[PDB]
Amino acid sequence: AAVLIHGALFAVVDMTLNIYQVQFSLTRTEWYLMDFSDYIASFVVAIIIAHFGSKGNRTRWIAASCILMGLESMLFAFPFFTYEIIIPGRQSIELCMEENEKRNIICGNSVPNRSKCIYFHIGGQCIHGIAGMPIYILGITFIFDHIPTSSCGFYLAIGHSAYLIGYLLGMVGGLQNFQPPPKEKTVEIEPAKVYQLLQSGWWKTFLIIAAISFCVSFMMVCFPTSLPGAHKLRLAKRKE
Amino acid sequence: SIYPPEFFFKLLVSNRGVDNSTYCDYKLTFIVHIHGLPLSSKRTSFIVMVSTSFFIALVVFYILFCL
Amino acid sequence: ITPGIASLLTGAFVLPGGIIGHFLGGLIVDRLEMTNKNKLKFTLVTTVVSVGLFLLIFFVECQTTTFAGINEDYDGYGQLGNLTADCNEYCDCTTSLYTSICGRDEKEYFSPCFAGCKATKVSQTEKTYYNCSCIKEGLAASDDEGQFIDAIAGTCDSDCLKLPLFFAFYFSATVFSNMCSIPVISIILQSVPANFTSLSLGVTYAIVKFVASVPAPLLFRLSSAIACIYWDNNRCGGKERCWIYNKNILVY
Amino acid sequence: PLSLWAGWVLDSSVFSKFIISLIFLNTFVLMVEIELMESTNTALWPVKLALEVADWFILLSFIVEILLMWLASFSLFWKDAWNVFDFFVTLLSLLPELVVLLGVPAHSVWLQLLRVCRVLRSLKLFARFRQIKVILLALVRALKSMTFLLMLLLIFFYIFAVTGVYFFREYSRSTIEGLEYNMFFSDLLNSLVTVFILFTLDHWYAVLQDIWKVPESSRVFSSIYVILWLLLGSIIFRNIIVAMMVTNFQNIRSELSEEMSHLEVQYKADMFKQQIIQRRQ
Amino acid sequence: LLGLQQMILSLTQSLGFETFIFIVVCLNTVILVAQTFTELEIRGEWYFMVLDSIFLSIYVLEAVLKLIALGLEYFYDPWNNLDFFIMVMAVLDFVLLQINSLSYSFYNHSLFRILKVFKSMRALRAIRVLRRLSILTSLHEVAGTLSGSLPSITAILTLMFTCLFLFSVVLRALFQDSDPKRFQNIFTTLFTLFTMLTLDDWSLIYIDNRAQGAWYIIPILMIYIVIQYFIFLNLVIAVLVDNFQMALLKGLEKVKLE
Amino acid sequence: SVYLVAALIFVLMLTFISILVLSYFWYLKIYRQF
Ligand SMILES: COCC(CCO[C@H]1CC[C@@]2(C)C(=CC[C@H]3[C@@H]4C[C@@H]5O[C@]6(CC[C@@H](C)CO6)[C@@H](C)[C@@H]5[C@@]4(C)CC[C@@H]32)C1)COC
Ligand SMILES: COCC(CCO[C@H]1CC[C@@]2(C)C(=CC[C@H]3[C@@H]4C[C@@H]5O[C@]6(CC[C@@H](C)CO6)[C@@H](C)[C@@H]5[C@@]4(C)CC[C@@H]32)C1)COC
Ligand SMILES: *[C@@H]1O[C@H](CO)[C@@H](O[C@@H]2O[C@H](CO)[C@@H](O)[C@H](O)[C@H]2NC(C)=O)[C@H](O)[C@H]1NC(C)=O
Ligand code: NA
């Protein structure tokens, strides 16, 4: 349940980052940098939390890393709502005239309020990896140290696949809204109408996604520190 | 009376706007006899539910007539 | 295949191999309680046949396919880059979003508006272009109803059957990959004491993002342009949009 | 453990249930195949390939199982009648795949009947039924009894066919503008099939009247021929077969009854033999 | 549940309940044999529908009361199972009639008639009446020996149907568009083979094919006739004769027993 | 549609040979018991 929304989250973001680059007047240089932010964020926590997961309660740390998923996912949706004015075709009225066509594609006031979002986005990618990685470390560690060997792979598989099934629906559920409405084919309003449905499309999606990462964390916090299941097995594996 | 009910239908056969062949508006009024009319569903159910209520009443009393 | 559609094809089809690859792959060790020697034999033959499946895919790439554009200078009427002719300027064609459109001569024309199409009537289920001036004679039988003669947006494909061979070979390679993951991860637990298994996941997970995912894009990026040599040098500038992703070099 | 592998797998009961499932399914998928090459739809395109791939799936599965029996023994594989016949059938059913991948001779009448042979397999499926075995063995054993009767029938088809060629020659060599059965006695093969038709008592009187419709072919030889074939061939001989088969059922009853008697008499001797040792103790 | 059901029983198996129901069933069958002339059914149509609704109510009475009396033991016996199926058909055609307009287009609708024949099935109950009065058991012996013969009759019958079915499949595969009037459909292939199995006009289909299509059908049809009429039906005759022979030996030993 | 159909078969024929192995190693587990 923690992994599924974790799987559901990332798959959306890759396209969300990708479409953000193309739509919002970026270069292909910055997009990898936003992508790179998730990668290194796990790397700077793949070791630190592992040293910290050894010393303390695994259950507490995961839900906290589940909590920071909730903060991250909505944060990655604030720029879409706040900055829906970045680059529509004609909504930057100060500089584009509704009757002139060259005016409507120049005077790039979109590159401001763009790098501001990238700070929301580089933060959105960094909080993803810093918090996402302990979920995939500590939880499986709890699978290692509390579940017998002969069924860990049965649990190792489902955890891997619960990340895969979110790789599916992160594209499948997300793209049905990003992919254009029944009207692909009207006059140029549609690029100015498709623009509304992608930022609002993710601002809708991440609002529900992030809150789920909270309620799942709240349930794990209520889970015992001293797991009664392992204590029965620990005495079984302490003797003999 | 005995036999199925019978009805009479006075029906009119006209030719007013349909024909371009002639000036004559043939207006034939004639009566037909129709016998063999069929049982109404209302008359059919009304037999059933008023007959079941009777034969049920037959058994129930004769259940209590044995005690 | 349309880049939006092409992205879906891998996304909606690599998972069905992947999910069971862990499910069948993991349950093999779990049901059989496989040993350390057993899994190593299990991993080897798992990958060996997979590579021959990748090799099988490579053999499939050898087969010829229909070719659109990249026919060297446009039929003798202009060179690569003529593309900016008169009909480019009138309908305001922009060299970044250019897509190939098919003419009735089976010849594939890029930038449907560059095809000289001064009119476009769009139906409910398709996009079509009219008065296509910059087209060559073409137009053998053509067709239409409310209108006569016109060219249809998008690429035209007559031999895409090879596609079912490609995924089929792609699925079973994917399954073998996901049933290689379980054997490697399963062994790591065994050779580490119970208290130290917590730091075991971190050691391998540190190599995941740094040693692999940091140098990888650069290795792709350099060799991505190697097959994308023919960049749109006239407009895009510093390698923003290519036009000839070398269909023979990239495969090799 | 190489032949042991094939021996083991060919022994699993769920595996055999599966393969009989395959036989039932190929039988019933060849059915709906020949029905559904109708161009009256486009939603039928999606099931065409499904049925075709099921076809080749069951086919190649037959090949893999045959190779499994090779790997098992390879030696008695040519001694069991059913297994060797199945090899024959699968061979002659995979021959169509070759003749279509070559397409040399034509897409003609011989081709279609080579395909349909598949369903033949399902015969084995009914060997598993309990009485069918009894009726069939008795049916094969009785057929063995009346072996020479069939040779008398063959002689009499020879007789009546090659004399019906000669009796009715002006009839087959006739010019009457209106006739129906002007062919039945044309040549020898037509004469033999005609003798069969008369043997089945179908349209004997109509053919006889047709013969009479020629002013030639005296009505005392055609009549005698037809009536003597109908009496002798069609009523007696058809009845001797039934008599013989009833006799064979009576025989089978007799041996079963006598063996029951022998077992009961042995049991009575046992109940007499058991008291002996009881007394001897 | 012990006194109410029990009195329902002791009123159900009562020697008057049975006679009342058999009177009903013999009246229904005399009506049902009245309705097969068209000189009486057309006249007395309005009274017959009234009487048949009456009979439907009576059968509601009997079926519900018997079910309440004897639990699933009612479903256990097949004589009643016949009655329950007849009941289901009656109630279904009743509701279908009410959910349609009783007119000519429904008189000539095939499903109306099909639902009507199952009403004819009520006449089967009449045999139960004939059983108590007695059939004289004059055919008790023939019925008993047919009863003995059936286990193998079913087996040979299904074997010959199987042969029919295989030949029908192959004939459909081969001889399309050579007289499509006969077997253009699988079902009409199968019926053509079945009607060949009675040997009526079987040469006609050979001639018809030979006229426009081709004659390869002659070895197939000759082999078909050989197998089915010549070796299968004679098996039915043989097994019946043997069964009645056993019946005769049983009778001989039984009469010598006295 | 030959390639399309030739795909589905190679998907299954492949998986069927995989099933051969799974029982085999399962049978390699219980064969020494005999
Ligand atoms: C004398 O006492 C006998 C009693 C056992 C009675 O068993 C009965 C079970 C129901 C059964 C099999 C019996 C007789 C008529 C049978 C019906 C005749 C009809 O025939 C069919 C089939 C053939 C069709 C031509 C007509 O419809 C079926 C629909 C109908 C039928 C076969 C349904 C089943 C009925 C026998 C034991 O007593 C101690
Ligand atoms: C006295 O107790 C006997 C009881 C065993 C009773 O077995 C019964 C099994 C059903 C059976 C075989 C019996 C009698 C009538 C048989 C029916 C007569 C009809 O005949 C047919 C065939 C012939 C046609 C002319 C008419 O229809 C069949 C459709 C119908 C029939 C053969 C269906 C089968 C019936 C005997 C054991 O008790 C201890
Ligand atoms: C472009 O296509 C349109 C229709 O798709 C053609 O329509 C004609 O336009 C001219 C304008 O010069 C009118 O005078 C004609 O009456 C139009 N035809 C019809 C049938 O309405 C137009 O011809 C095409 N352009 C060219 C250059 O041929
Ligand atoms: Na006849």
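Backbone-built Cβ (ideal geometry, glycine too); neighbour counts: all protein chains shown. Quick note: the coordinates plus some simple rules give every number you see, no bench work behind them.
Determine whether segment D:36-49 contains at least one residue that is within 17 Å of D:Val119 (Cβ to Cβ) and in contact (Cβ under 8 Å) with a residue 40 or more places away in the chain.
There is no residue in segment D:36-49 that is within 17 Å of D:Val119 (Cβ to Cβ) and in contact (Cβ under 8 Å) with a residue 40 or more places away in the chain.
Mind listing just one residue for me: the one in segment D:182-220 that is within 15 Å of D:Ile159 (Cα to Cα) and among the aromatic types (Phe, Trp, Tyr) and, of those, nearest to ligand 2 (Cβ to nearest atom)?
Among those residues, the one meeting the criterion is D:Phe199.
Listed residues E:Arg122, E:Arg172; which is among the charged types (D, E, K, R) and under 18 Å from D:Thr27 (Cα atoms)?
Sole residue among the options that is among the charged types (D, E, K, R) and under 18 Å from D:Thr27 (Cα atoms): E:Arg172.
This table checks each residue for (1) over 26 Å from A:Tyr155 (Cβ atoms); (2) loosely packed, with under 13 Cβ neighbours inside 10 Å.
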residue: C:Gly4; (1), (2): yes, yes
residue: C:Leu8; (1), (2): yes, no
residue: C:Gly25; (1), (2): no, no
residue: C:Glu33; (1), (2): no, yes
residue: C:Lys39; (1), (2): no, no
residue: C:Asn82; (1), (2): yes, no
residue: C:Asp92; (1), (2): yes, yes
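Consider A:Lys237 carefully, then state whether it is of a type in the set (D, E, K, R), farther than 20 Å from A:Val12 by Cα and exposed (fewer than 12 other Cβ atoms within 10 Å of the Cβ).
Yes, satisfied.
Do we have any residue at all in segment E:193-211 that's more than 16 Å from ligand 3 (Cβ to nearest atom), in contact with a helix residue (DSSP H, G or I) (Cβ under 8 Å, 6 or more places away or on another chain) and closer than 16 Å to D:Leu30 by Cα?
no
Criterion first (farther than 30 Å from C:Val184 by Cα, touching a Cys at 6+ places or on another chain (Cβ under 9 Å), more than 16 Å from ligand 2 (Cβ to nearest atom) and without any contact (Cβ under 8 Å) to a residue 40 or more places away in the chain) does C:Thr95 satisfy it?
Spelling it out, it is not the case that C:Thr95 is farther than 30 Å from C:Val184 by Cα, touching a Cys at 6+ places or on another chain (Cβ under 9 Å), more than 16 Å from ligand 2 (Cβ to nearest atom) and without any contact (Cβ under 8 Å) to a residue 40 or more places away in the chain.
Could you list all residues from segment D:187-219 that are in a loop (DSSP other than H, G, I, E, B), surrounded by 13 or more Cβ atoms within 10 Å (Cβ to Cβ) and in contact with a helix residue (DSSP H, G or I) (Cβ under 7 Å, 6 or more places away or on another chain)?
Passing the criteria: D:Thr200, D:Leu201, D:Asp202, D:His203, D:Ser217.
Please enumerate the residues belonging to segment D:38-53 that are more than 13 Å from chain F (Cβ to nearest Cβ) and either under 22 Å from E:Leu174 (Cα atoms) or touching a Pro at 6+ places or on another chain (Cβ under 6 Å) (or both).
D:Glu38, D:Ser39, D:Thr40, listed by residue number.
Any residue that is away from chain C (no Cβ under 14 Å) and surrounded by 14 or more Cβ atoms within 10 Å (Cβ to Cβ) - is there at least one of those in segment A:157-173?
No, the conditions are met nowhere in segment A:157-173.
With respect to C:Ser158, is the statement that it is more than 13 Å from chain A (Cβ to nearest Cβ) and in contact (Cβ under 8 Å) with a residue 24 or more places away in the chain true?
Taking the combined requirement at face value, the residue satisfies it.
Of the residues C:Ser223, C:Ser213, only one is free of Cβ contacts under 8 Å to residues at least 40 places away in the same chain and within 12 Å of chain A (Cβ to nearest Cβ); which?
Within the list C:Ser223, C:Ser213, the selection yields C:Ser213.
Restrict the check to segment D:173-186 and report whether at least one residue is part of a helix (DSSP H, G or I) and not basic (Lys, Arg).
Checked against the condition, which is being part of a helix (DSSP H, G or I) and not basic (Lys, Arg), segment D:173-186 yields no hits at all.
Does at least one position in segment C:237-248 carry a residue that is surrounded by 14 or more Cβ atoms within 10 Å (Cβ to Cβ), more than 20 Å from C:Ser7 (Cβ to Cβ), touching a residue at least 12 places away in the same chain (Cβ under 8 Å) and facing chain A (nearest Cβ under 10 Å)?
yes
Checking C:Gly138 against (1) within 15 Å of ligand 3 (Cβ to nearest atom); (2) more than 14 Å from every other protein chain (Cβ to nearest Cβ), which test does it fail?
(1)
Enumerate the strands (runs of 3 or more DSSP E) found wholly within segment C:90-189, keeping only those where 3 or more residues are more than 16 Å from ligand 4 (Cβ to nearest atom) and either over 30 Å from F:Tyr3 (Cα atoms) or touching a helix residue (DSSP H, G or I) at 6+ places or on another chain (Cβ under 8 Å) (or both).
Here the list reads C:117-119, C:128-132.
May I ask you to list the residues in segment A:166-219 that are under 23 Å from C:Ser7 (Cα atoms), of a type in the set (S, T, N, Q) and in a helix (DSSP H, G or I)?
Answer for segment A:166-219, where residues must be under 23 Å from C:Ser7 (Cα atoms), of a type in the set (S, T, N, Q) and in a helix (DSSP H, G or I): A:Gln176, A:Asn177, A:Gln196, A:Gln199, A:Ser200, A:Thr205.
Of everything in segment E:134-168 that's among the polar types (S, T, N, Q) and within 30 Å of E:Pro219 (Cβ to Cβ), which residue is farthest from ligand 2 (Cβ to nearest atom)?
Looking at residues that are among the polar types (S, T, N, Q) and within 30 Å of E:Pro219 (Cβ to Cβ), I get E:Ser168.
Would you confirm whether or not segment D:210-233 contains a residue that is within 10 Å of chain E (Cβ to nearest Cβ) and over 26 Å from E:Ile231 (Cα atoms)?
Checked against the condition, which is being within 10 Å of chain E (Cβ to nearest Cβ) and over 26 Å from E:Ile231 (Cα atoms), segment D:210-233 yields no hits at all.
Which numbered condition in (1) within 14 Å of another protein chain (Cβ to nearest Cβ); (2) part of a helix (DSSP H, G or I) is the only one that E:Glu18 fails?
Only one criterion is unmet by E:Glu18, namely (1).
Among the residues of segment C:121-147 satisfying the criterion of being of a type in the set (S, T, N, Q) and touching a residue at least 12 places away in the same chain (Cβ under 8 Å), which is nearest to ligand 1 (Cβ to nearest atom)?
C:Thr128
Filter segment A:68-125 down to the residues that are surrounded by 14 or more Cβ atoms within 10 Å (Cβ to Cβ) and within 14 Å of chain C (Cβ to nearest Cβ), then identify the one that is nearest to A:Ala8 (Cα to Cα).
A:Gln125
Just name the residue that is farthest from ligand 4 (Cβ to nearest atom) out of those in segment E:193-219 that are buried (at least 18 other Cβ atoms within 10 Å of the Cβ) and over 19 Å from D:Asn182 (Cα atoms).
It comes out as E:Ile217.
Got a sec? Which of D:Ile63, D:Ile20, D:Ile34 is β-branched (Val, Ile, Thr), in a helix (DSSP H, G or I), more than 14 Å from chain F (Cβ to nearest Cβ) and surrounded by fewer than 16 Cβ atoms within 10 Å (Cβ to Cβ)?
Criteria check complete, one pass: D:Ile20.
Which helices (runs of 4 or more DSSP H) sit wholly inside segment E:57-123 and have at least 3 residues that are away from every other protein chain (no Cβ under 12 Å) and either within 16 Å of ligand 2 (Cβ to nearest atom) or on the phi > 0 side of the Ramachandran plot (or both)?
E:78-98
Just need a number here: residues in segment E:118-166 that are closer than 30 Å to D:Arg121 by Cβ and either within 16 Å of ligand 3 (Cβ to nearest atom) or touching a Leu at 6+ places or on another chain (Cβ under 6 Å) (or both).
Number satisfying all stated conditions: 2.
Inspect all residues belonging to segment E:67-88 and state whether any of them is surrounded by fewer than 14 Cβ atoms within 10 Å (Cβ to Cβ), under 22 Å from B:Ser53 (Cα atoms) and away from ligand 1 (no atom under 16 Å from the Cβ).
no
Give me the pairs: first residue in segment E:222-243 and more than 7 Å from chain D (Cβ to nearest Cβ), second residue assigned to a helix (DSSP H, G or I) and polar (S, T, N, Q), beta-carbon distance under 8 Å, and six or more apart or on different chains, which are they?
Correct list of pairs: E:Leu240/E:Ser149; E:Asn243/E:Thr145; E:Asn243/E:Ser149.
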